[PDB]
């Protein structure tokens, strides 16, 4: 049928320090902006306005903005791949 517009992206973080995103919201958490030099810009698929559902083992639905920033820092700080599931609608 018609797409649910849910995409899962796995980023190899071997060549990047950062995702290079800013997040907005807490009716969820959204990509506010994408920064040049990060893994997300290089991959090209995640856009501003995409809604974050899950990153690695953590669900981002009805999360506080503060909690989202803090747990993304720890997910990025830890070497290894990062899997993001986003809603594009």
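If you superpose the two forms and keep the largest set of C-alpha atoms that fall within 1.5 Å, you have the rigid core. Positions refer to the first chain, counted from 1.
Peer 1: Given a rigid core fit, name the stretch, 3-11 or 78-86, whose C-alphas are on average farther from the form shown here in 4 other deposited structures of this protein.
Peer 2: So, of the two stretches, the farther one in 4 other deposited structures of this protein is 3-11.
Peer 1: Once everything is fitted on the core, do the CA positions of 57-65 or those of 37-45 lie farther from the shown form in 4 other deposited structures of this protein?
Peer 2: It is 57-65 that deviates more in 4 other deposited structures of this protein.
Peer 1: How many missing residues of the deposited sequence lie between residue 26 and residue 27 in the entry, grouped as none, 1 to 3, 4 to 9, or 10 or more?
Peer 2: Per the record, 4 to 9 deposited residues are absent between residue 26 and residue 27.
Peer 1: If you take the mean CA temperature factor per stretch, which one wins between 37-45 and 50-58?
Peer 2: Going by the record's values, the stretch with the higher mean is 37-45.
Peer 1: May I ask you to compare 76-84 and 5-13 by their mean CA B factor in the entry and name the higher one?
Peer 2: Comparing 76-84 with 5-13, the higher average CA B-factor belongs to 76-84.
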